[PDB]
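Enquirer: Following this: a sequence and the matching experimental structure.
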Amino acid sequence: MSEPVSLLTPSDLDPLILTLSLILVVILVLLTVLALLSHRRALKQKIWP
(Lines give C-alpha, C1' and ligand atoms only; values in the text may rest on other atoms or scores of the structure.)
Protein backbone atom coordinates (compact mmCIF):
# COMPACT_ATOMS: atom_id res chain seq x y z
CA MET A 1 0.00 0.00 0.00
CA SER A 2 3.12 2.16 -0.25
CA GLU A 3 5.45 0.26 -2.56
CA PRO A 4 7.53 -1.09 0.37
CA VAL A 5 9.41 -3.25 -2.13
CA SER A 6 11.39 -0.14 -3.05
CA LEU A 7 13.21 -0.78 0.22
CA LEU A 8 14.52 -4.20 -0.79
CA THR A 9 14.51 -6.47 2.24
CA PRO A 10 14.62 -10.21 3.12
CA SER A 11 11.16 -9.95 4.68
CA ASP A 12 9.99 -10.26 1.07
CA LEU A 13 12.93 -11.39 -1.06
CA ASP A 14 11.88 -15.03 -1.11
CA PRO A 15 12.56 -17.87 -3.60
CA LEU A 16 8.83 -18.28 -4.21
CA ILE A 17 8.33 -14.71 -5.38
CA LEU A 18 11.51 -14.97 -7.45
CA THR A 19 10.34 -18.07 -9.30
CA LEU A 20 6.94 -16.45 -9.80
CA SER A 21 8.43 -13.41 -11.54
CA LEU A 22 10.58 -15.67 -13.71
CA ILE A 23 7.55 -17.58 -14.95
CA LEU A 24 5.71 -14.32 -15.59
CA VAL A 25 8.58 -12.96 -17.68
CA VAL A 26 8.68 -16.17 -19.71
CA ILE A 27 4.96 -15.91 -20.43
CA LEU A 28 5.28 -12.26 -21.45
CA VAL A 29 7.94 -13.26 -23.97
CA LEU A 30 5.85 -16.15 -25.27
CA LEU A 31 2.80 -13.95 -25.80
CA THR A 32 4.84 -11.42 -27.76
CA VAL A 33 6.45 -14.09 -29.94
CA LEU A 34 3.00 -15.53 -30.67
CA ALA A 35 1.72 -12.06 -31.54
CA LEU A 36 4.49 -11.43 -34.07
CA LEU A 37 3.86 -14.85 -35.58
CA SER A 38 0.15 -14.14 -36.04
CA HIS A 39 0.85 -10.81 -37.73
CA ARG A 40 3.42 -12.34 -40.07
CA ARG A 41 1.02 -15.16 -40.92
CA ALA A 42 -1.70 -12.64 -41.76
CA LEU A 43 0.57 -10.71 -44.10
CA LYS A 44 1.32 -13.95 -45.93
CA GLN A 45 -2.32 -15.03 -46.06
CA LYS A 46 -3.21 -11.67 -47.60
CA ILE A 47 -0.58 -11.87 -50.33
CA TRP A 48 -1.31 -15.60 -50.53
CA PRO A 49 -5.04 -16.39 -50.21
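Expert: That came through fine. Residues are numbered from 1 along each chain as shown.

Enquirer: hey, let's count contacts and neighbours off CA atoms from now on
Expert: Noted.

Enquirer: Can you identify each of the helices in the chain by residue range?
Expert: Here the chain has its helices, by DSSP state H, at 15-47.

Enquirer: how much space between the residue nearest the centre of it and residue 49?
Expert: Of all residues in the chain, the one closest to the mean position by C-alpha atoms, centre = their mean is residue 28, 1.9 Å from it. As judged by C-alpha to C-alpha, to the nearest Å, residue 28 and residue 49 stand 31 Å apart.

Enquirer: Same question for residue 20.
Expert: From residue 20 to residue 49 the distance is 42 Å (C-alpha to C-alpha).

Enquirer: Name the residue in the two with the higher neighbour count.
Expert: residue 20 (10 against 6; other C-alpha atoms under 10 Å).

Enquirer: The more buried one and residue 13: what is the separation?
Expert: Taking C-alpha to C-alpha, one finds residue 20 at 12 Å from residue 13.

Enquirer: repeat for residue 29
Expert: 24 Å.

Enquirer: So what does residue 48 have for phi and psi?
Expert: phi -150, psi 70 (degrees, to the nearest 10).

Enquirer: can you tell me how far residue 23 sits from residue 12?
Expert: In terms of C-alpha to C-alpha, residue 23 sits 18 Å off from residue 12.

Enquirer: hmm, I was thinking of residue 28
Expert: From residue 28 across to residue 12, the span is 23 Å (C-alpha to C-alpha).

Enquirer: same check, this time on residue 5
Expert: With the distance defined as C-alpha to C-alpha, residue 5 ends up 8 Å from residue 12.
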